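What follows is a single structure, written as structure tokens, with notes after it.
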Amino acid sequence: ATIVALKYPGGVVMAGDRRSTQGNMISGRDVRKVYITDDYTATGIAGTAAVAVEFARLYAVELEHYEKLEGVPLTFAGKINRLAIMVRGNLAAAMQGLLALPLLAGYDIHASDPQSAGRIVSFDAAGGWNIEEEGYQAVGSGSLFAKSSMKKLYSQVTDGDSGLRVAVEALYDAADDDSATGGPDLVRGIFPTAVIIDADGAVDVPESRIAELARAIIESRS
Amino acid sequence: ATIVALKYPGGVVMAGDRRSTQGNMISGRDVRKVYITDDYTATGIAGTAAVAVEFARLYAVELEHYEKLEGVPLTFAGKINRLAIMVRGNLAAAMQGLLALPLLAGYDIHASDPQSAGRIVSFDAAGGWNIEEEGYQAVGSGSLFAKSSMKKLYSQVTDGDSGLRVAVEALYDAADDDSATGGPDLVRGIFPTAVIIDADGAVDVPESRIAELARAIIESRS
Amino acid sequence: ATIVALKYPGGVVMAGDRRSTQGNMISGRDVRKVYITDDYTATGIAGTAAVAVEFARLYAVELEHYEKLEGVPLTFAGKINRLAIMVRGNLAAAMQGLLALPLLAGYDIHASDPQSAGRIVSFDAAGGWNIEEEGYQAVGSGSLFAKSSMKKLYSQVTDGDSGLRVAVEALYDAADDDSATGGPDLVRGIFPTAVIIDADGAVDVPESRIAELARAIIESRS
Amino acid sequence: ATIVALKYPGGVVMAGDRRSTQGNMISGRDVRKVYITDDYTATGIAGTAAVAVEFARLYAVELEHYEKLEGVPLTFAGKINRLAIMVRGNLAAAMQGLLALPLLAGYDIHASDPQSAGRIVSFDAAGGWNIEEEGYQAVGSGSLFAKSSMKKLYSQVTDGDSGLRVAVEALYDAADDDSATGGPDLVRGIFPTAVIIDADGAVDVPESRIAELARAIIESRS
Amino acid sequence: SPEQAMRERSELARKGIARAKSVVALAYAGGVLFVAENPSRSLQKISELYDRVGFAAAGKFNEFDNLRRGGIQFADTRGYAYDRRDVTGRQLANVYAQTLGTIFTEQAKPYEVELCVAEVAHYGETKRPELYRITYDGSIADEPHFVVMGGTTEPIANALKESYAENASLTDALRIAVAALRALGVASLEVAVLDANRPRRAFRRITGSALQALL
Amino acid sequence: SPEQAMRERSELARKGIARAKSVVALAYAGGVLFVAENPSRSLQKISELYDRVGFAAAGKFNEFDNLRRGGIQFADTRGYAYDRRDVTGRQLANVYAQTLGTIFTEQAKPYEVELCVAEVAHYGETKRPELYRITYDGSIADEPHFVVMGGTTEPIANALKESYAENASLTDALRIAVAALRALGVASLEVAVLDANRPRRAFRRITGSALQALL
Amino acid sequence: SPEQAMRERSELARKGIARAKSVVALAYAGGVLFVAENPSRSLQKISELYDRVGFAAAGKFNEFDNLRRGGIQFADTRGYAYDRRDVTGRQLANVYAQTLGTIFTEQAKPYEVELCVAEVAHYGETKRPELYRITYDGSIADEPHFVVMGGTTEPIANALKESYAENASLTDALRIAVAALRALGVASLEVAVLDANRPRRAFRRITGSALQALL
Amino acid sequence: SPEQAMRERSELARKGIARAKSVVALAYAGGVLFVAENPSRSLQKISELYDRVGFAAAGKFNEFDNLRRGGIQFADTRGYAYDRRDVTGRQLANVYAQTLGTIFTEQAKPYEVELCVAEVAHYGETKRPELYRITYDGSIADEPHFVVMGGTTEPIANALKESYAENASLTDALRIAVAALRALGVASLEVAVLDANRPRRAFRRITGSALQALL
Amino acid sequence: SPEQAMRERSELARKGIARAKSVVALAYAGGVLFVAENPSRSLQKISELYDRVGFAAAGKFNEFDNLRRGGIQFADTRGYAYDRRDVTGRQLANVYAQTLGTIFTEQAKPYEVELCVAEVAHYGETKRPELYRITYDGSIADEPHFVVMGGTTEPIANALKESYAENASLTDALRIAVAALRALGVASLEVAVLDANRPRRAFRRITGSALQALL
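Protein chains in written order, with the deposited numbering: chain Z, 1 to 222; chain Y, 1 to 222; chain X, 1 to 222; chain W, 1 to 222; chain B, 8 to 190, 203 to 234; chain A, 8 to 190, 203 to 234; chain K, 8 to 190, 203 to 234; chain J, 8 to 190, 203 to 234; chain L, 8 to 190, 203 to 234.
What follows is the structure in structure tokens.
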């Protein structure tokens with residue numbers, strides 16, 4: 001399990017792997033771990049799937065409920081506070097073993113500079129949150145390898161396509177260096193899913209672009 | 001994590017480092033640990049960040065709530081009592097491992113001598129509080145080194161700039177003698193944050209002055 | 001931590017040290033441990049400071065509340081019963097480690113003989129109380145040394161000054177024989193605090209008299 | 001701690017030692033352990049003082065409350081039942097270590113034979129009670145030695161003075177054979193306290209008679 | 008208007024007790040004798056509360072049945088708490104008065120009952136029998152010789168005031184009680212006594228051929 | 008209309024107390040003397056609340072019996088809490104006033120009782136006796152010499168206002184109290212005193228041949 | 008008859024508010040200005056609810072004091088829950104309307120108060136001030152320029168309808184408000212403003228020599 | 008009809024307070040002086056609430072006794088919570104107003120009391136004394152110089168409005184207060212002062228020979 | 008008499024709704040169009056309950072605001088429990104009818120509201136819009152084409168019965184609705212639609228220049 005997210009001028013990208021493992025045996029091959037909560041942010045949870053899907057659904061439901069009740073969407077700080085409270089409320093279950101660490105990436109429509117409106121937030125096991133400002137952040141088992149790869153590869157990010165390519169390459173490096181992370185599948189045609197958030201909203205990247213990027217990266221590495 | 005505070009004629013200064021470490025790996029490089037609760041006092045908490053930010057926000061909210069309800073600000077003794085109660089109420093979580101030791105520095109506007117109106121209060125893990133009167137106090141992992149440095153360097157404190165320089169030098173010594181404390185960063189341009197409280201209120205020290213002080217100290221030590 | 005109290009004809013004296021130690025490291029140098037609850041008695045608590053100050057404040061508040069409600073002060077037996085109940089109610093916290101053993105000294109205005117109206121009461125960890133009648137009692141870590149010194153020195157007590165000198169000498173002996181007890185400080189000018197209770201009420205001994213007594217004792221011991 | 005009680009024609013006597021020990025160190029030298037609840041019975045509790053005084057006060061208060069409410073004193077069986085319930089209700093605290101074993105001696109005014117109206121009742125740790133009929137009973141740490149001494153010395157009991165002398169001699173033997181029991185003090189003038197209950201009520205034995213009896217016993221043993 | 012409500016409740020209670028039959032309780036040389044007009048045998052208006060205490064009532068069966076059950080529970084709990092010898096009829100009469108007063112005050116319909124508590128001396132001890140009467144509103148009183156309740160009690164009260172001599176035998180007391188109640204065979208008559216000659220339990224029921232032989 | 012309800016409740020309470028008998032309490036040279044008209048011996052209108060406190064009441068037996076039990080429980084709990092010497096009759100009178108006011112306000116029927124609390128000095132200490140009177144609505148007052156309650160108290164109040172001298176002996180005080188109550204042998208009379216000469220408990224009952232010898 | 012009870016409650020509330028003094032709130036070029044007739048200084052009819060929200064009321068002091076305390080607690084809890092920027096005066100006005108309606112419906116006496124909630128724009132942002140009025144029955148309304156409450160408000164309403172120009176300065180707004188209230204020195208006048216020029220907290224009190232210099 | 012019930016409750020409260028005696032409280036050069044008409048010594052109408060706060064009331068003793076106890080508990084709890092210097096008489100007056108309003112609204116009988124809260128300056132600090140008056144319905148008000156309550160207060164109000172000069176001495180203030188109350204020796208007079216010259220506790224009782232020497 | 012109370016409650020509710028303004032809801036070729044007379048912009052009489060459900064009401068603002076909040080909570084909880092596609096407007100209309108009936112029965116004042124629930128087809132599925140009307144007493148009904156509520160609805164009901172053609176465009180439907188409401204510019208008009216062409220959420224607000232261009 002590895003989820004990466006980096007900031008590019010005018011938006012933010014988010015991607016994750018598609019592998020679920022029960023110990024050392026592979027259980028899933030195309031598991032989806034990146035979800036869209038509402039128009040201008042997406043979340044990704046690494047850990048137990050049973051807690052991850054529940055957290056995603058509950059976060060989306062709470063955001064929609066508040067928006068319907070008050071008539072206006074929550075501010076970014078309010079969303080961060082709600083997610084932090086949700087994470088903190090599961091500390092006992094995390095101690096038992098039901099651990100889920102989410103990653104939040106969104107676009108701030110109430111920012112003076114649209115080019116620097118992208119935000120990346122990481123959460124701790126105890127509920128603490130920190131706003132990422134180095135331009136990238138990764139979570140999961142292979143987070144360290146992906147973070148090092150992004151540290152070296154962030155100099156080539158200029159637009160959305162460059163950021164997507166860097167994210168795919170970081171995921172490939174994490175899968176190469178970690179046995180719990182699943183790389184691109186050229187036999188079954190399974191590729192990581194990505195979400196791009198910009199001023200127009202959050203959209204889902206088509207599988208064709210990710211397939212071409214993965215094929216190009218594999219050819220280059222050969 | 002190291003936070004220092006010393007008393008100078010006519011006010012009080014407060015500063016802290018900008019390092020967060022998850023065990024032995026560095027997680028943050030510009031973490032802010034000094035906060036302003038209201039006009040005439042500032043607080044600094046060393047320990048778990050998830051508890052530190054919550055404590056700062058709750059203390060500020062309680063002070064503002066009391067001021068709005070009664071129409072007058074709380075006395076310094078009342079603020080100390082409230083902070084001590086808040087610290088004491090978290091003893092079980094501290095025993096489990098969620099420990100947070102705050103440091104309180106403020107200015108007493110109801111004192112006969114304005115030059116001696118600065119106050120420094122330290123809190124224990126069990127909720128006990130003691131008013132500091134040696135002129136300085138430090139908390140955190142590298143508190144001992146900073147306290148020794150301030151013991152030797154307190155003879156040169158005459159005004160606000162001298163106190164700020166002494167605090168920065170003590171933080172530098174603590175970072176030198178402790179691997180969990182982050183010193184000044186000349187590559188990324190990260191410097192410790194400081195807050196100065198005087199008769200006119202509590203203000204935030206600009207980063208430029210701290211940068212010049214750190215550069216001068218580094219040049220002198222070379 | 002050492003608090004001593006002895007009886008002299010026409011009153012009672014009470015004194016304690018000014019040292020707080022966190023394990024083996026010195027944390028405080030002028031900590032006050034003797035407090036005045038109301039007009040005709042004073043109390044002294046040895047142990048955890050966070051519990052000691054709370055106990056002193058709560059005892060004073062309860063006594064004042066009863067006096068205001070009923071219009072008359074409580075009898076000495078009632079005060080002893082209230083203090084014993086307060087001590088007994090903290091037995092679980094004492095078992096965990098939050099132990100506080102108070103010492104009560106007061107003047108009985110409802111006694112036939114004014115010269116024998118002084119009272120000294122000691123309390124156990126389980127809430128049991130015993131009225132001291134040997135003429136002296138000490139509590140704290142160095143209680144045994146002070147008690148032996150008072151056993152030898154009680155023959156010279158004739159009035160208030162003699163009792164104060166004997167108490168100061170006993171505190172000096174306890175500090176000499178115990179590393180957790182702080183003796184007189186001739187560099188920083190820190191001296192133990194004393195309270196004298198007589199028919200006119202409870203008053204605080206000025207620091208000058210204690211300083212002269214300590215200097216005379218030090219000169220004699222040289 | 002040792003409390004003895006024996007039956008003589010026309011009444012019953014009760015006596016106890018005056019020593020309190022905190023482990024192996026002596027804490028008290030004239031501790032009183034025999035108390036008078038009401039007119040025609042007295043009680044003595046051996047063990048923790050903090051529980052003993054509380055039990056004595058509570059038993060006296062309950063007896064007085066019942067007498068005031070109903071207008072007539074409780075029967076002896078009712079008093080035994082109340083004391084047994086009180087002892088049984090403290091079994092958990094006794095298991096932790098707060099053990100208190102009381103001894104009850106009284107005079108039955110509703111008996112056909114006034115000469116055989118004396119009663120001695122002993123209580124167990126679980127609340128069980130048994131009416132003593134051998135003519136004597138002892139409780140405390142040195143109960144066995146005192147019981148053996150009374151077994152040999154009961155043949156000389158004819159009246160109140162003989163019973164008092166036998167009780168004092170048994171206490172002296174228990175103090176001789178046990179280091180936790182305090183014998184007569186010829187230096188400080190401390191002697192055991194005794195209570196005599198007869199048809200006229202329960203009275204306190206003056207210290208002079210006990211002093212003469214102890215001096216005579218000491219002279220005889222020399 | 009509290010006065011009107013109290014008056015109406017008192018009138019209702021008096022009318023309810025007035026239609027009930029008469030039960031007579033008196034003390035003789037061997038304790039307290041209870042005589043009642045009771046046709047059925049399944050229903051008993053005379054019972055035993057403790058070793059030396061007795062119960063008697065007149066009115067609606069369920070109300071004094073509940074009062075009797077509560078009194079038995081109170082007596083047994085008090086005896087188990089302190090001692091069996093610490094229970095007296097005075098406590099039962101007091102708690103009955105309090106309960107009847109509370110019912111009269113804070114209930115929709117006042118209780119149409121009238122209770123009597125009779126206590127005798129303990130075995131081997133000489134003491135005079137004590138009788139207590141409790142009314143519907145909770146009033147308590149002490150009666151030295153006899154207690155008469157239920158219905159038109161004036162003729163029976165007069166007939167027991169006159170021609171009554173203390174220290175009488177069981178047979179003479181029974182004859183006097185029956186004569187006063189008439190102003203009557205084995206059937207429709209309930210007879211119970213509190214025999215102080217008994218060691219522990221003083222309650223006894225006289226029924227069958229023994230009752231016929233008595234009168 | 009609260010005024011009408013309050014007036015009717017006050018009238019009901021006054022009529023209830025007016026039919027009750029008169030009980031007289033006065034202070035003499037050795038404490039406080041209580042004299043009451045009580046025919047039965049099982050029922051007592053005079054009791055003891057604490058070591059130096061006394062109780063007296065007139066009206067419905069159950070109501071002041073409950074008040075007496077509550078006062079005893081309060082006194083014993085307060086004595087066990089702080090000390091035996093920290094209990095005074097002022098606290099008992101205040102709590103009785105509050106309880107009677109609460110009953111008068113938030114109960115269907117007001118209590119038809121009138122209580123008096125008498126406290127004496129502790130042994131070895133000189134102080135004048137203090138008497139407090141509490142009415143049905145919870146009113147409290149301080150009376151220096153005597154307290155008269157129950158029924159037509161005007162003639163007894165006049166007879167104790169006149170021909171009364173302080174510092175009198177027990178015999179003279181008893182004679183004056185009996186004379187004022189008449190305006203009366205061993206039977207139907209309840210006599211109790213608060214003897215300050217006693218070390219701890221000052222309550223004493225005078226009955227039997229001693230009462231006859233007294234008057 | 009619910010209609011009669013509702014009519015009587017409305018009449019009582021209207022009579023209660025009618026005897027109260029008049030408080031005037033209006034919006035000028037720099038926020039919202041509050042002017043009230045308040046002789047004492049310990050009692051304040053104008054307060055601050057949050058960073059950009061204000062409070063104003065007229066009527067019985069305790070009722071709107073309680074409402075103010077509840078509003079402050081609600082605002083602080085909501086700010087601590089989600090964020091400080093997620094609190095608006097609309098939520099406070101809605102909860103106040105619900106609370107006043109609940110009081111009017113399910114309470115013995117309706118509240119004789121009339122509240123106004125005024126919110127201003129956040130620092131660095133341009134937006135027009137919003138004023139809300141809540142009546143005794145819980146009615147809510149939106150007023151564009153000014154809100155007038157308390158007593159005979161018709162002359163002041165006319166005087167503020169006429170000769171009122173938006174975007175006015177603080178001095179001119181204060182003079183117009185005082186002139187309309189008269190139809203008046205430092206004493207007996209309460210003046211507060213919502214200064215949008217302030218970074219975080221927009222509430223300010225104008226008292227002393229500054230108020231005298233203003234007018 | 009809420010109007011009729013409110014009118015009847017107000018009339019009942021006014022009639023209850025009107026029969027009570029008059030208590031006068033005024034401020035002099037050294038604090039606040041309390042003078043009351045109180046014959047008994049066990050009952051006190053003047054008390055101390057905190058270090059610098061005072062209490063005064065007139066009416067039924069139990070009601071303001073309960074209010075006093077509640078105020079003391081509130082003051083002590085607030086002082087132990089935040090600080091001893093964070094307690095002011097304004098908070099006590101506000102909570103008293105709320106409690107009296109709640110009693111007037113949701114109780115069968117309104118409280119027939121009238122309270123005054125007087126606060127003085129802390130030692131070493133100069134500030135003018137503040138007096139607050141609370142009525143039966145919960146109304147609150149601020150009085151600059153004197154507060155007069157209880158009974159026919161019009162003549163005393165006139166006599167204190169006229170011939171009253173601030174900054175007066177204790178003796179002159181006592182003489183003026185006694186003269187206004189008459190329009203009176205050591206007995207039947209209660210005198211208490213709030214001495215700001217005292218370091219921590221400003222409450223003092225003047226009784227005995229000192230009171231006689233004063234006047 | 009339940010009949011009289013029910014009649015008076017119904018009359019009160021009818022009079023309350025009769026003074027309210029008229030809100031018109033109708034279904035066109037692309038969903039359901041809501042048109043309301045609403046001068047203020049802070050207050051909204053038209054809202055969204057779920058993805059394909061809509062809300063509309065007329066009357067007292069707080070009552071239907073509370074009903075709207077409860078409906079939103081119910082819808083969200085039901086969607087989170089089973090699925091988002093398992094929520095229909097029929098369930099919301101039924102729970103609203105039950106809640107309104109319970110309020111009408113067991114509350115002091117009946118709710119003066121009239122709600123309408125409009126549901127549209129899911130994206131990619133063809134189905135006719137369904138409208139439900141709920142009255143103050145909890146009555147439920149199904150209306151095929153249009154729902155008219157609030158005030159004198161007879162002329163608008165006639166004007167929408169006549170000259171109404173289904174499958175009309177948004178512009179024609181808006182013009183017909185405005186014409187029937189008149190029998203009216205951007206201000207004082209609230210317009211909302213349920214656009215079935217939208218993939219997930221069908222609620223849309225038409226305000227500003229778009230509304231002016233529409234009509």
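All C-beta atoms, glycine included, are put in the ideal place defined by N, C-alpha and C.
Under the 8 Å criterion on CB atoms, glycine 78 of chain Y is classed as non-interfacial with respect to chain X. In the three-state reduction of the DSSP assignment, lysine 28 of chain K falls in the coil class. Shortest Cα-Cα distance from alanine 46 of chain X to any of X:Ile80, X:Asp17, X:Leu171, X:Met150 involves X:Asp17. Residue burial is scored here from C-beta neighbours: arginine 48 of chain K has fewer than 16 other C-beta atoms within 10 angstroms and is therefore classed as exposed. In the DSSP assignment, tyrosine 35 of chain Y is bridged to Y:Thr43. Taking 8 Å as the CB threshold, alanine 82 of chain K stays off the interface with chain L. In the structure shown, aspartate 83 of chain B falls within a helical segment according to DSSP collapsed to helix, strand and coil.
Contact between the region 43-59 of chain K and the region 170-180 of chain K is absent, with fewer than three C-beta pairs closer than 8 Å.
For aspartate 200 of chain Y, there are no CB contacts under 6 Å within the same chain when 5 residues up- and downstream are skipped. Selection A:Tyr57, A:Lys22, A:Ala43, A:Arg26 evaluated against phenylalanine 222 of chain A yields A:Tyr57 as nearest (Cα-Cα).
Interface with chain A (8 Å Cβ-Cβ cutoff): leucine 58 of chain X is excluded. In the structure shown, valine 102 of chain J falls within a helical segment according to DSSP collapsed to helix, strand and coil.
In the structure shown, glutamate 62 of chain X falls within a helical segment according to DSSP collapsed to helix, strand and coil.
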